[PDB]
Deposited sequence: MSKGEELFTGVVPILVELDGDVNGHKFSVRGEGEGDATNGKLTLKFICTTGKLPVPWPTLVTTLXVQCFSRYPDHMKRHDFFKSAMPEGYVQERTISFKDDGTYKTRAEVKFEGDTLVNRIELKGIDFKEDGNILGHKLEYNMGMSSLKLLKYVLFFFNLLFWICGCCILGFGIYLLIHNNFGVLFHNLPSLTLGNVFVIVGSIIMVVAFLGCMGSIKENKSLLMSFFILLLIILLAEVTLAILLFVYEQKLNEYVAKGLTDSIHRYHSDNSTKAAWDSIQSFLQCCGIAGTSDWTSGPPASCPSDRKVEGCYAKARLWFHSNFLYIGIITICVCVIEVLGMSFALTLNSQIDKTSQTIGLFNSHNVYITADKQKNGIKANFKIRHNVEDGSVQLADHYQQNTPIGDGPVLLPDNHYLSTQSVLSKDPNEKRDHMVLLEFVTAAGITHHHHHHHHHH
């Protein structure tokens, strides 16, 4: 082709984009150089109107496939170069999933000694707090790893979040609905409702940190989730060992607290309510029996012969069921440490280093041009991906004979950079495009 005769060397490039996305108007000017022999592009685009209202990666597809390297056996399929020097018209409809669409029209021609790309872009129906207008896309053009822990953590913590909400709710119910008094006048906080509220609240904040940290891939929330679980786990084992090295030292302590509380029963309405509800519920009477009430047991005591003591019955219950609560203890512990391992693992597989995209080319007999369609996974700040659905049509501007090709594709690789000197909003881009899809000879 005579168009490839125009592309044997490195050709200066000029790119101009005037755009409008939901009324946000902007202009981009890019300059650079195009080496079609190696399929390399080096360009530096600058936003002439201030700051770009969209993420720079969304513009790189709209921002010259005539510099694609078609290997020698595929050269007779290079429509783009054949359309030169009189150029070709490239139209596109880029549909961002669950968001707006770019609508594009562009003319690519040789103007003087330079290959020029003039584009007007109009975007409609975008979310103002979406990934596009909210600048939530990473500044790159590769695919990112799927973090399945993102979903595992979010799933369990959502369930634990709801469990905690119900535990907190039942505690809120008991604080308002029922009155079981205060067993220890000095520890007013120690009520059955408050312990529900305390444990429920702690569960919700841990589950909240796990949910928000995992689904948004926020390292700081993951570390907070880890540190908080670590602290809860450390207190648990501390209490467990501290409990058994000093069981008898704190056995006395609560026994003093109960004996102190029982002196107040005929003078403190709250401690009376505590003893009355406890005894009538557990069907017990004193600390170790009915003799603790030296003037006679209150009415809310089983009148049976040797009713067991409330404190004795409780300690016997925990000693008799130590094996069960031990199983439940290590169960909550392993769930706890599993979440720690998950979070710590997920944290390490964030912010990593860094891919190819294929533009499938198909001929259009009737408009004497080509069509193309392809999907681009833009990487979102929360780890998810934003689909950009691309449909394309290219028609030659001139009446000269152009080449209509067999189906083939272009393996594009783009590298986004930043000029450390540019104080203006900008994008330094390196691309490598090579044609493929048609194999020659016998292999």
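Unmodelled regions of the deposited sequence, numbered from residue 1: 1, 65, 357-362, 452-457.
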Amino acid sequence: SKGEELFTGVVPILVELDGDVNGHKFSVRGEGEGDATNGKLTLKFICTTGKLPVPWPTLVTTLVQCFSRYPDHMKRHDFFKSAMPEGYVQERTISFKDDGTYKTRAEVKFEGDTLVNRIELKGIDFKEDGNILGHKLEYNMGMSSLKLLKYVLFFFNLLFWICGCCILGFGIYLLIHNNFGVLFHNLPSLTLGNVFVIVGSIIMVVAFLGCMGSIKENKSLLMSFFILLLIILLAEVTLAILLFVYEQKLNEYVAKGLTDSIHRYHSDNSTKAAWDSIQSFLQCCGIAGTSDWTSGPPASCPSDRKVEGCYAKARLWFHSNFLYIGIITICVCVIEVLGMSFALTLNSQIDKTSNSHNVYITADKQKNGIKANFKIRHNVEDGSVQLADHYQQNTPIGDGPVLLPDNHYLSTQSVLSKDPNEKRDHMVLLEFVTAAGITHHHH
From here on, numbers count along this sequence of modelled residues.
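Across the two stretches, 70-78 and 127-135, the PDB entry reports the greater mean Cα temperature factor for 70-78.
If you average the C-alpha B-factors over 188-196 and over 300-308, the higher value belongs to 300-308.
Taking the PDB entry at face value, the top CA B factor among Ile350, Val332, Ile203, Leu115 belongs to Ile350. For the set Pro401, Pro57, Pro396, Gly30, the PDB entry puts the maximum C-alpha B factor at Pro401. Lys44: CA B factor lies in the lowest third for its chain, per the PDB record. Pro85 sits in the lowest third of its chain by CA B factor, as recorded in the PDB entry. In the deposited entry, the Cα temperature factor of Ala436 sits in the middle third of values across the chain's modelled residues.
For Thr362, the recorded CA B-factor ranks within the middle third of the chain. Only modelled residues enter the ranking. Per the PDB record, residue ranking by Cα B-factor puts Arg424 in the highest third of the chain.
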